[PDB]
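What follows is the content of final.txt, which has compact mmCIF, C-alpha atoms and all ligand atoms:
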```txt
# COMPACT_ATOMS: atom_id res chain seq x y z
CA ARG A 5 21.34 10.68 -22.89
CA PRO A 6 21.58 6.88 -23.36
CA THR A 7 20.78 5.19 -26.71
CA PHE A 8 17.23 3.70 -26.90
CA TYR A 9 15.97 0.67 -28.95
CA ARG A 10 12.30 -0.21 -29.86
CA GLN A 11 10.40 -3.56 -29.71
CA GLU A 12 6.66 -4.60 -29.80
CA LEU A 13 5.58 -6.58 -26.64
CA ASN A 14 1.90 -7.87 -26.66
CA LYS A 15 0.45 -5.12 -28.96
CA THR A 16 2.60 -2.35 -27.28
CA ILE A 17 5.76 -0.43 -28.51
CA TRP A 18 8.55 -0.32 -25.83
CA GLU A 19 11.41 2.19 -26.30
CA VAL A 20 14.05 1.64 -23.51
CA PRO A 21 17.76 2.37 -22.84
CA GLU A 22 20.25 -0.36 -24.08
CA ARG A 23 21.18 -1.16 -20.40
CA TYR A 24 17.75 -3.06 -20.15
CA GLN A 25 17.86 -6.52 -21.90
CA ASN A 26 15.70 -9.71 -22.26
CA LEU A 27 12.33 -7.86 -21.79
CA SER A 28 9.41 -10.32 -21.19
CA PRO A 29 5.78 -9.40 -20.35
CA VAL A 30 4.66 -10.19 -16.74
CA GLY A 31 1.11 -8.65 -16.92
CA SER A 32 -1.00 -5.43 -17.22
CA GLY A 33 -3.53 -3.64 -14.96
CA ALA A 34 -5.68 -0.79 -16.43
CA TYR A 35 -3.04 1.96 -15.57
CA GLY A 36 0.07 0.21 -17.15
CA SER A 37 1.95 -2.83 -18.63
CA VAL A 38 4.90 -4.54 -16.74
CA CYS A 39 7.95 -6.40 -18.26
CA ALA A 40 10.80 -8.31 -16.45
CA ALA A 41 14.32 -7.37 -17.66
CA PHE A 42 18.03 -7.71 -16.81
CA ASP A 43 19.76 -4.38 -15.90
CA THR A 44 23.37 -4.54 -17.25
CA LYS A 45 24.35 -1.42 -15.18
CA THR A 46 23.40 -2.79 -11.66
CA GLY A 47 23.21 -6.55 -12.43
CA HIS A 48 19.70 -6.69 -10.79
CA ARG A 49 16.72 -8.54 -12.30
CA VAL A 50 14.44 -5.42 -12.46
CA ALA A 51 10.64 -4.86 -12.75
CA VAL A 52 9.85 -2.09 -15.36
CA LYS A 53 6.35 -0.44 -15.28
CA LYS A 54 5.21 1.56 -18.41
CA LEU A 55 2.23 3.98 -17.87
CA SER A 56 -0.84 3.76 -20.21
CA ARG A 57 -2.28 7.12 -21.35
CA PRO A 58 -0.53 9.09 -18.53
CA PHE A 59 -1.83 12.60 -19.66
CA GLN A 60 -5.27 11.65 -21.22
CA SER A 61 -7.25 13.82 -18.63
CA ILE A 62 -6.65 16.22 -15.66
CA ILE A 63 -7.47 13.28 -13.29
CA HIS A 64 -4.96 10.93 -15.10
CA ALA A 65 -2.19 13.64 -15.43
CA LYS A 66 -2.43 14.50 -11.67
CA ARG A 67 -2.39 10.70 -10.78
CA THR A 68 0.82 10.27 -12.94
CA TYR A 69 2.50 13.18 -11.00
CA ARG A 70 1.26 11.74 -7.61
CA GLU A 71 2.69 8.25 -8.38
CA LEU A 72 6.13 9.66 -9.51
CA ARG A 73 6.40 12.07 -6.46
CA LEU A 74 5.57 9.20 -4.03
CA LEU A 75 7.97 6.61 -5.59
CA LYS A 76 10.84 9.20 -5.77
CA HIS A 77 10.42 9.89 -1.97
CA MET A 78 10.43 6.31 -0.50
CA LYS A 79 13.98 5.21 0.64
CA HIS A 80 13.46 2.34 3.21
CA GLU A 81 14.39 -1.44 3.30
CA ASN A 82 10.69 -2.45 3.84
CA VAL A 83 9.15 -0.20 1.09
CA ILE A 84 9.41 -0.27 -2.77
CA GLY A 85 12.48 1.76 -3.94
CA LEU A 86 13.07 3.52 -7.33
CA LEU A 87 16.22 2.52 -9.36
CA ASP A 88 15.30 4.61 -12.50
CA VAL A 89 12.62 6.65 -14.38
CA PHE A 90 13.00 7.50 -18.13
CA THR A 91 11.28 8.90 -21.24
CA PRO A 92 12.53 8.54 -24.85
CA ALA A 93 11.40 12.21 -25.42
CA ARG A 94 14.26 14.73 -26.06
CA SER A 95 12.03 17.76 -25.10
CA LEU A 96 8.81 18.76 -23.21
CA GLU A 97 7.20 19.30 -26.67
CA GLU A 98 7.47 15.58 -27.68
CA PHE A 99 6.95 14.22 -24.06
CA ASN A 100 4.22 11.47 -24.01
CA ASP A 101 5.55 8.29 -22.28
CA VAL A 102 6.77 7.54 -18.68
CA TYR A 103 8.66 4.32 -17.60
CA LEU A 104 9.41 3.36 -13.91
CA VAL A 105 12.07 0.81 -12.70
CA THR A 106 12.32 -1.18 -9.41
CA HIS A 107 14.32 -4.19 -8.00
CA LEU A 108 12.34 -7.37 -9.07
CA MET A 109 10.02 -9.27 -6.62
CA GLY A 110 8.64 -12.68 -7.79
CA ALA A 111 5.79 -13.37 -5.25
CA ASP A 112 3.35 -11.89 -2.63
CA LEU A 113 2.33 -12.93 0.95
CA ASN A 114 -0.49 -15.18 -0.54
CA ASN A 115 2.22 -17.19 -2.45
CA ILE A 116 4.79 -17.90 0.38
CA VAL A 117 1.38 -17.88 3.36
CA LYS A 118 -1.25 -20.42 2.06
CA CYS A 119 1.33 -22.74 0.34
CA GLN A 120 3.86 -23.16 3.26
CA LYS A 121 3.87 -23.66 7.12
CA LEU A 122 4.20 -20.51 9.37
CA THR A 123 5.64 -20.73 12.93
CA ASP A 124 4.88 -17.94 15.48
CA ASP A 125 8.54 -16.86 14.72
CA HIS A 126 7.54 -16.33 11.01
CA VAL A 127 4.47 -14.26 12.09
CA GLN A 128 6.65 -12.11 14.45
CA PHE A 129 9.21 -11.35 11.64
CA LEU A 130 6.64 -10.64 8.83
CA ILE A 131 4.43 -8.31 10.99
CA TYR A 132 7.61 -6.59 12.45
CA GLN A 133 8.74 -5.61 8.89
CA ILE A 134 5.21 -4.29 7.90
CA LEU A 135 5.17 -2.05 11.05
CA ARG A 136 8.87 -0.92 10.46
CA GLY A 137 7.81 0.20 6.92
CA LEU A 138 4.57 1.85 8.25
CA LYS A 139 6.45 3.86 10.95
CA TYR A 140 8.54 5.35 8.04
CA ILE A 141 5.49 5.98 5.70
CA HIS A 142 3.35 7.55 8.52
CA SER A 143 6.28 9.83 9.69
CA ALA A 144 5.95 11.60 6.22
CA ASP A 145 2.11 11.96 6.73
CA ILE A 146 1.53 9.40 3.91
CA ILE A 147 -1.48 6.96 4.22
CA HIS A 148 -1.12 3.66 2.24
CA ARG A 149 -4.97 2.96 2.31
CA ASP A 150 -4.73 -0.43 0.42
CA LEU A 151 -2.66 -2.82 2.64
CA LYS A 152 -3.58 -6.48 1.84
CA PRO A 153 -1.55 -9.69 1.18
CA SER A 154 -1.31 -9.09 -2.65
CA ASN A 155 0.46 -5.66 -1.93
CA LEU A 156 3.27 -7.25 0.22
CA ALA A 157 6.28 -8.80 -1.66
CA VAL A 158 8.15 -11.62 0.26
CA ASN A 159 11.35 -13.57 -0.79
CA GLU A 160 12.81 -17.05 0.12
CA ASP A 161 14.39 -15.54 3.35
CA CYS A 162 10.99 -14.07 4.61
CA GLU A 163 12.17 -10.46 3.85
CA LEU A 164 9.19 -8.14 3.04
CA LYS A 165 8.46 -4.89 1.11
CA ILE A 166 5.24 -2.81 1.02
CA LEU A 167 4.12 -1.78 -2.53
CA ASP A 168 1.12 -0.52 -4.63
CA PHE A 169 0.26 2.60 -2.55
CA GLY A 170 -3.40 3.74 -2.84
CA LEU A 171 -3.41 6.51 -5.54
CA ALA A 172 -7.26 6.95 -5.18
CA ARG A 173 -7.87 4.41 -8.03
CA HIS A 174 -10.50 1.89 -6.68
CA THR A 175 -14.06 2.03 -8.20
CA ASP A 176 -17.51 1.13 -6.67
CA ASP A 177 -17.71 -2.16 -8.73
CA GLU A 178 -14.18 -3.25 -7.57
CA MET A 179 -15.36 -3.06 -3.87
CA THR A 180 -18.75 -4.95 -4.48
CA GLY A 181 -19.60 -8.48 -3.15
CA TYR A 182 -17.36 -11.39 -1.97
CA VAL A 183 -13.99 -9.66 -2.81
CA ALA A 184 -10.47 -9.53 -1.17
CA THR A 185 -10.34 -5.86 -2.35
CA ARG A 186 -12.68 -4.93 0.65
CA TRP A 187 -11.88 -7.58 3.40
CA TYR A 188 -8.83 -5.63 4.83
CA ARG A 189 -10.52 -2.12 4.91
CA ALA A 190 -11.24 -0.23 8.19
CA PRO A 191 -15.02 0.14 8.77
CA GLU A 192 -14.82 4.04 8.85
CA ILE A 193 -13.50 4.11 5.19
CA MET A 194 -15.60 1.11 3.90
CA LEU A 195 -18.84 3.00 4.91
CA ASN A 196 -17.59 6.70 4.72
CA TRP A 197 -18.34 7.39 8.46
CA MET A 198 -15.90 10.34 8.90
CA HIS A 199 -12.65 12.00 7.66
CA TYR A 200 -10.18 9.07 7.95
CA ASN A 201 -6.41 9.31 8.77
CA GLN A 202 -3.31 6.98 9.07
CA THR A 203 -5.02 4.67 11.72
CA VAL A 204 -6.86 2.93 8.76
CA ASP A 205 -3.53 1.16 7.91
CA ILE A 206 -3.26 -0.34 11.51
CA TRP A 207 -6.78 -1.98 11.07
CA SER A 208 -5.43 -3.64 7.85
CA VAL A 209 -2.29 -4.93 9.70
CA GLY A 210 -4.63 -6.53 12.33
CA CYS A 211 -6.66 -8.35 9.58
CA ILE A 212 -3.36 -9.60 7.94
CA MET A 213 -1.81 -10.76 11.27
CA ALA A 214 -5.07 -12.73 12.24
CA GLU A 215 -4.99 -14.47 8.78
CA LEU A 216 -1.24 -15.50 9.17
CA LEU A 217 -2.14 -17.01 12.65
CA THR A 218 -5.35 -18.96 11.57
CA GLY A 219 -4.75 -19.48 7.79
CA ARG A 220 -8.33 -17.98 7.26
CA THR A 221 -9.63 -14.49 6.22
CA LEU A 222 -10.74 -12.60 9.38
CA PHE A 223 -13.79 -10.73 7.87
CA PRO A 224 -14.72 -12.46 4.52
CA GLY A 225 -17.98 -10.54 4.00
CA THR A 226 -20.33 -11.26 1.01
CA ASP A 227 -21.06 -7.42 0.80
CA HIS A 228 -20.42 -4.15 2.79
CA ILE A 229 -23.31 -4.97 5.29
CA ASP A 230 -22.43 -8.67 5.91
CA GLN A 231 -18.79 -7.54 6.53
CA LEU A 232 -19.90 -4.86 9.07
CA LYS A 233 -21.97 -7.59 10.97
CA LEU A 234 -18.84 -9.89 11.10
CA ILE A 235 -16.72 -6.94 12.40
CA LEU A 236 -19.24 -5.84 15.13
CA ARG A 237 -19.71 -9.49 16.33
CA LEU A 238 -15.93 -9.66 17.21
CA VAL A 239 -15.22 -6.07 18.49
CA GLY A 240 -18.73 -5.14 19.82
CA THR A 241 -21.32 -2.48 18.75
CA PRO A 242 -20.20 1.18 19.15
CA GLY A 243 -20.71 3.22 22.38
CA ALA A 244 -22.06 6.86 22.56
CA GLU A 245 -18.50 8.28 22.33
CA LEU A 246 -17.80 6.73 18.84
CA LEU A 247 -21.43 7.31 17.53
CA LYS A 248 -20.92 11.12 18.10
CA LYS A 249 -17.76 10.98 15.81
CA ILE A 250 -19.77 9.51 12.84
CA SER A 251 -20.51 12.76 10.82
CA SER A 252 -22.93 10.93 8.44
CA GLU A 253 -26.44 10.99 10.07
CA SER A 254 -27.75 8.10 7.86
CA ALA A 255 -24.67 5.95 8.81
CA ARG A 256 -25.39 6.79 12.54
CA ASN A 257 -29.12 5.99 12.06
CA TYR A 258 -28.29 2.58 10.50
CA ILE A 259 -25.75 1.53 13.26
CA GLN A 260 -28.40 2.31 15.97
CA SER A 261 -30.86 -0.16 14.27
CA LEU A 262 -28.56 -3.09 15.25
CA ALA A 263 -29.01 -5.04 18.56
CA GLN A 264 -26.14 -4.20 21.03
CA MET A 265 -23.33 -6.86 21.23
CA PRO A 266 -20.33 -7.02 23.60
CA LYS A 267 -16.64 -7.46 22.48
CA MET A 268 -15.73 -11.24 22.30
CA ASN A 269 -12.87 -12.90 24.23
CA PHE A 270 -9.89 -12.95 21.66
CA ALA A 271 -8.21 -15.95 23.55
CA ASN A 272 -11.36 -18.03 22.64
CA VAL A 273 -11.31 -16.76 18.93
CA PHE A 274 -7.49 -17.27 18.30
CA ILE A 275 -7.28 -20.65 20.18
CA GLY A 276 -3.67 -21.72 20.90
CA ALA A 277 -2.04 -18.44 19.70
CA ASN A 278 0.86 -16.83 21.67
CA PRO A 279 -0.82 -14.69 24.39
CA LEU A 280 1.36 -11.69 23.34
CA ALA A 281 -0.05 -11.99 19.71
CA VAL A 282 -3.61 -12.07 21.18
CA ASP A 283 -2.83 -8.91 23.26
CA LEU A 284 -1.44 -7.01 20.18
CA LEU A 285 -4.52 -7.97 18.02
CA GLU A 286 -6.80 -6.55 20.79
CA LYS A 287 -4.84 -3.18 20.50
CA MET A 288 -5.00 -2.97 16.62
CA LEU A 289 -8.62 -4.18 16.11
CA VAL A 290 -10.35 -1.30 18.01
CA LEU A 291 -13.49 0.19 16.40
CA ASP A 292 -12.66 3.82 17.51
CA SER A 293 -9.65 4.77 15.30
CA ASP A 294 -8.50 7.44 17.93
CA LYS A 295 -7.80 4.48 20.35
CA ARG A 296 -5.85 2.10 18.03
CA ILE A 297 -2.10 1.44 18.73
CA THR A 298 0.26 3.39 16.32
CA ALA A 299 3.09 1.75 14.27
CA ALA A 300 5.74 3.42 16.54
CA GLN A 301 3.92 2.14 19.71
CA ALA A 302 3.47 -1.43 18.23
CA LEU A 303 7.25 -1.83 17.41
CA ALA A 304 7.91 -1.53 21.24
CA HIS A 305 5.29 -4.27 22.14
CA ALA A 306 6.78 -7.43 23.84
CA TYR A 307 5.58 -9.62 20.90
CA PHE A 308 8.56 -8.19 18.79
CA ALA A 309 11.23 -8.40 21.66
CA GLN A 310 13.40 -10.65 19.35
CA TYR A 311 13.54 -8.05 16.49
CA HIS A 312 12.93 -4.55 18.04
CA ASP A 313 15.93 -2.13 17.72
CA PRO A 314 15.01 1.54 18.38
CA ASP A 315 18.36 2.64 16.72
CA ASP A 316 17.40 0.82 13.43
CA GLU A 317 13.73 1.91 12.86
CA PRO A 318 14.23 5.09 10.80
CA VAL A 319 11.80 7.97 9.96
CA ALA A 320 11.34 9.70 6.56
CA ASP A 321 12.38 13.16 5.31
CA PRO A 322 9.46 15.64 5.23
CA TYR A 323 7.10 15.12 2.21
CA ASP A 324 5.33 18.23 0.73
CA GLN A 325 1.82 17.19 -0.56
CA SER A 326 0.52 20.78 -1.10
CA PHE A 327 0.04 19.88 -4.85
CA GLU A 328 -2.98 17.73 -3.74
CA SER A 329 -5.11 20.90 -3.11
CA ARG A 330 -3.88 22.65 -6.32
CA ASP A 331 -6.07 23.19 -9.45
CA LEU A 332 -3.94 22.98 -12.70
CA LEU A 333 -4.47 22.31 -16.48
CA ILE A 334 -3.30 19.00 -18.17
CA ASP A 335 -0.22 20.69 -19.68
CA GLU A 336 0.81 22.17 -16.23
CA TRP A 337 0.68 18.67 -14.52
CA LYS A 338 2.57 17.27 -17.57
CA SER A 339 5.30 20.00 -17.24
CA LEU A 340 5.67 19.25 -13.43
CA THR A 341 6.02 15.46 -14.23
CA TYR A 342 8.68 16.20 -16.96
CA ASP A 343 10.75 18.20 -14.41
CA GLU A 344 10.60 15.24 -11.89
CA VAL A 345 11.76 12.75 -14.70
CA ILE A 346 14.82 14.91 -15.64
CA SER A 347 15.89 15.70 -12.00
CA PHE A 348 15.89 11.98 -10.92
CA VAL A 349 19.15 10.94 -9.16
CA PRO A 350 19.68 7.13 -8.94
CA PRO A 351 20.61 5.46 -5.61
CA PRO A 352 24.32 4.53 -5.03
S1 LIG B 401 8.21 -5.98 -8.40
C1 LIG B 401 6.50 -5.84 -8.32
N1 LIG B 401 5.82 -4.65 -8.36
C2 LIG B 401 6.45 -3.42 -8.60
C3 LIG B 401 5.59 -2.85 -9.69
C4 LIG B 401 6.15 -1.53 -10.01
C5 LIG B 401 5.60 -0.45 -9.38
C6 LIG B 401 6.15 0.78 -9.59
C7 LIG B 401 7.24 0.90 -10.43
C8 LIG B 401 7.74 -0.23 -11.04
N2 LIG B 401 7.21 -1.47 -10.86
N3 LIG B 401 5.59 -6.84 -8.14
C9 LIG B 401 5.66 -8.23 -8.00
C10 LIG B 401 4.84 -8.91 -9.14
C11 LIG B 401 3.62 -9.49 -8.40
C12 LIG B 401 4.13 -10.67 -7.57
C13 LIG B 401 4.88 -10.00 -6.40
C14 LIG B 401 4.80 -8.51 -6.73
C15 LIG B 401 3.34 -8.44 -7.29
CL CL B 402 21.96 2.36 -21.82
CL CL B 403 12.99 -1.55 -3.70
CL CL B 404 7.71 10.17 -25.10
CL CL B 405 -5.04 -9.74 -1.27
CL CL B 406 8.87 17.11 -0.43
```

Rewrite the coordinates I just gave you, this time as structure tokens.
Ligand SMILES: S=C(NCCc1ccccn1)N[C@@H]1C[C@H]2CC[C@@H]1C2
Ligand SMILES: [Cl-]
Ligand SMILES: [Cl-]
Ligand SMILES: [Cl-]
Ligand SMILES: [Cl-]
Ligand SMILES: [Cl-]
Amino acid sequence: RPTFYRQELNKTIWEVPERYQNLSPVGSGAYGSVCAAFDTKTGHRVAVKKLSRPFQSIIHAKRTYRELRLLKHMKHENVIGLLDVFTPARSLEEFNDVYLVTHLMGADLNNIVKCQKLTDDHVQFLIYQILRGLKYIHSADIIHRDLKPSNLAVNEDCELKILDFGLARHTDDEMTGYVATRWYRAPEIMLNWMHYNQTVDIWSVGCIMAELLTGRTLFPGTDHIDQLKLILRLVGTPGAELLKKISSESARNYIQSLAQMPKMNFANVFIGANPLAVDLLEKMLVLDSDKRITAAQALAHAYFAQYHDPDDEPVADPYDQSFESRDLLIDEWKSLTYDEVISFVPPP
């Protein structure tokens, strides 16, 4: 067991191993506080995330377990990777606090795309890395669900990592009105049309790739309905085949109230873009999710000819998510989380 020291950082007590020095607050969502630090063991500038009220309810306790299981599994260049997890507790009986550690990232896609100049070569490399990471995530039957520019970390050399997996956190109010939180969402999940699957992430990659090419948001809707009208104007109103797959009758009833529109010409929307970029956007931005290109199929598209290497696009170990259908008490979720903290093995 390392030695721990205590310090108060913006109204909060932090108890961390001596290896972590020069702690300084970076911010706080509603589910945690984050400090920057120097790790004397690895020599990395690290990002440390402390959880707020991890075991306050059954919902919160299960979310804490879900986040720790997911972060312990992900071992890929283009996805967030765990360096450490710790608790100052010496037993299950006094266990209350969880701390998570990752290699530090100082900016998102918004920081590097708006406030710089992107060649087609930059767009190829950034979208290649997102799809390399997604092939790995999807091979473990994991769905991200919340891909958007603020959840993609990018460094000086244009190297990219996916972070902030959807842990089923987003509220009704967070998705309301003129908000970036909704602009990258597939229409089947925005309006609860049907049981969704991993194809929802490919829709989000299409919206991100269009925005890198034009410098503008693809579907900046003022509300759920305005956004659907923007989507259907580009990709066309649904045919009988997709309408049958919408399980919600009221959702089906509303779509059928809209005047029929054909799919637009993408060469006339994305004026001047590489024709191979236009062709890939047409294969991602398909209304019927059954017919979208997969991450594994997209990596072999001629747009990425420069970067594609089928011997260096790895898949994940199997990931058991049977806990998701399990009904347990707070103290049972807390015991499972404790076991995952003490069994952690750091990377080499
Ligand atoms: S290193 C980082 N997030 C990791 C958070 C985390 C998540 C899990 C465990 C530990 N730390 N985020 C950078 C700060 C903002 C600017 C670029 C991105 C967003
Ligand atoms: Cl230490
Ligand atoms: Cl990482
Ligand atoms: Cl504790
Ligand atoms: Cl964003
Ligand atoms: Cl597993």

Inset, instruction - Enumerate as an MDAnalysis selection string the residues within 8 Å of ligand CL 404 (chain B), counting all atoms listed in the file. - result: chainID A and resid 91:93 98:102

For C-alpha atoms, I'd like the residues from the last selection saved as a PDB file, in the frame of the given file.
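part.pdb, written as the output of this step:
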```pdb
ATOM      1  CA  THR A  91      11.280   8.900 -21.240  1.00  0.00           C
ATOM      2  CA  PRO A  92      12.530   8.540 -24.850  1.00  0.00           C
ATOM      3  CA  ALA A  93      11.400  12.210 -25.420  1.00  0.00           C
ATOM      4  CA  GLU A  98       7.470  15.580 -27.680  1.00  0.00           C
ATOM      5  CA  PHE A  99       6.950  14.220 -24.060  1.00  0.00           C
ATOM      6  CA  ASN A 100       4.220  11.470 -24.010  1.00  0.00           C
ATOM      7  CA  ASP A 101       5.550   8.290 -22.280  1.00  0.00           C
ATOM      8  CA  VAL A 102       6.770   7.540 -18.680  1.00  0.00           C
TER       9      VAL A 102
END
```

Legend entry - Contacts of ligand CL 406 (chain B), 9 Å or closer, only C-alpha atoms and all ligand atoms, given as a list in words: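 Written in the requested form, the residues are residues 73, 77, 321, 322, 323, 324 and 325 of chain A.
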
Legend entry - Within 12 Å of ligand CL 405 (chain B), counting all atoms listed in the file, residues as a ChimeraX atom specification: /A:112-115,117-118,150-157,168,183-189,208,211-212,215,221,224

Could you give me, as a tab-separated table, a per-residue list for chain A showing, wherever an atom lies at most 6 Å from an atom of ligand LIG 401 (chain B), the closest pair of atoms and their distance in Å to one decimal, using only C-alpha atoms and all ligand atoms and sorting by chain then residue number from low to high?
```
residue	atom	partner	partner_atom	distance
A:51	CA	B:LIG401	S1	5.1
A:52	CA	B:LIG401	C8	5.2
A:53	CA	B:LIG401	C8	4.5
A:104	CA	B:LIG401	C7	4.8
A:105	CA	B:LIG401	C8	4.8
A:106	CA	B:LIG401	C8	5.0
A:108	CA	B:LIG401	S1	4.4
A:109	CA	B:LIG401	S1	4.2
A:110	CA	B:LIG401	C13	4.8
A:111	CA	B:LIG401	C13	3.7
A:112	CA	B:LIG401	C13	4.5
A:157	CA	B:LIG401	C13	5.1
```

Inset, instruction - One decimal, Å: what's the distance from CA of residue 42 (chain A) over to CA of residue 28 (chain A), could you say? - result: 10.0 Å

Legend entry - 10 Å contact set for residue 34 (chain A), all atoms listed in the file, chain neighbours under 6 positions out, as a PyMOL selection string: chain A and resi 55-57

Can you put N, CA, C and O atoms back into region 190-202 of chain A and show it as a PDB file, in the frame of the given file?
```pdb
ATOM      1  N   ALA A 190     -10.691  -0.706   6.900  1.00  0.00           N
ATOM      2  CA  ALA A 190     -11.240  -0.230   8.190  1.00  0.00           C
ATOM      3  C   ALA A 190     -12.701   0.143   7.956  1.00  0.00           C
ATOM      4  O   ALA A 190     -13.012   0.666   6.886  1.00  0.00           O
ATOM      5  N   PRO A 191     -13.601  -0.132   8.919  1.00  0.00           N
ATOM      6  CA  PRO A 191     -15.020   0.140   8.770  1.00  0.00           C
ATOM      7  C   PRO A 191     -15.350   1.636   8.525  1.00  0.00           C
ATOM      8  O   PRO A 191     -16.267   1.904   7.701  1.00  0.00           O
ATOM      9  N   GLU A 192     -14.542   2.569   9.053  1.00  0.00           N
ATOM     10  CA  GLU A 192     -14.820   4.040   8.850  1.00  0.00           C
ATOM     11  C   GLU A 192     -14.628   4.434   7.382  1.00  0.00           C
ATOM     12  O   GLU A 192     -15.310   5.428   6.944  1.00  0.00           O
ATOM     13  N   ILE A 193     -13.731   3.773   6.633  1.00  0.00           N
ATOM     14  CA  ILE A 193     -13.500   4.110   5.190  1.00  0.00           C
ATOM     15  C   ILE A 193     -14.426   3.228   4.326  1.00  0.00           C
ATOM     16  O   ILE A 193     -14.980   3.738   3.344  1.00  0.00           O
ATOM     17  N   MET A 194     -14.703   1.984   4.705  1.00  0.00           N
ATOM     18  CA  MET A 194     -15.600   1.110   3.900  1.00  0.00           C
ATOM     19  C   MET A 194     -16.991   1.750   3.771  1.00  0.00           C
ATOM     20  O   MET A 194     -17.623   1.601   2.683  1.00  0.00           O
ATOM     21  N   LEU A 195     -17.475   2.411   4.834  1.00  0.00           N
ATOM     22  CA  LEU A 195     -18.840   3.000   4.910  1.00  0.00           C
ATOM     23  C   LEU A 195     -18.811   4.544   4.977  1.00  0.00           C
ATOM     24  O   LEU A 195     -19.887   5.117   5.270  1.00  0.00           O
ATOM     25  N   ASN A 196     -17.675   5.202   4.741  1.00  0.00           N
ATOM     26  CA  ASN A 196     -17.590   6.700   4.720  1.00  0.00           C
ATOM     27  C   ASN A 196     -18.231   7.325   5.972  1.00  0.00           C
ATOM     28  O   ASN A 196     -19.090   8.188   5.851  1.00  0.00           O
ATOM     29  N   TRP A 197     -17.818   6.917   7.162  1.00  0.00           N
ATOM     30  CA  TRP A 197     -18.340   7.390   8.460  1.00  0.00           C
ATOM     31  C   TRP A 197     -17.829   8.820   8.758  1.00  0.00           C
ATOM     32  O   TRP A 197     -18.557   9.574   9.436  1.00  0.00           O
ATOM     33  N   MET A 198     -16.605   9.148   8.357  1.00  0.00           N
ATOM     34  CA  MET A 198     -15.900  10.340   8.900  1.00  0.00           C
ATOM     35  C   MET A 198     -14.645  10.579   8.067  1.00  0.00           C
ATOM     36  O   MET A 198     -14.272   9.669   7.330  1.00  0.00           O
ATOM     37  N   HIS A 199     -14.023  11.767   8.182  1.00  0.00           N
ATOM     38  CA  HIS A 199     -12.650  12.000   7.660  1.00  0.00           C
ATOM     39  C   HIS A 199     -11.738  10.951   8.298  1.00  0.00           C
ATOM     40  O   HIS A 199     -11.673  10.898   9.537  1.00  0.00           O
ATOM     41  N   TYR A 200     -11.138  10.097   7.484  1.00  0.00           N
ATOM     42  CA  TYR A 200     -10.180   9.070   7.950  1.00  0.00           C
ATOM     43  C   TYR A 200      -8.764   9.662   7.971  1.00  0.00           C
ATOM     44  O   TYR A 200      -8.525  10.685   7.283  1.00  0.00           O
ATOM     45  N   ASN A 201      -7.867   9.012   8.719  1.00  0.00           N
ATOM     46  CA  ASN A 201      -6.410   9.310   8.770  1.00  0.00           C
ATOM     47  C   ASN A 201      -5.568   7.993   8.829  1.00  0.00           C
ATOM     48  O   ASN A 201      -6.080   6.887   8.527  1.00  0.00           O
ATOM     49  N   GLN A 202      -4.325   8.067   9.291  1.00  0.00           N
ATOM     50  CA  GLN A 202      -3.310   6.980   9.070  1.00  0.00           C
ATOM     51  C   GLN A 202      -3.674   5.708   9.879  1.00  0.00           C
ATOM     52  O   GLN A 202      -3.167   4.620   9.521  1.00  0.00           O
TER      53      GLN A 202
END
```
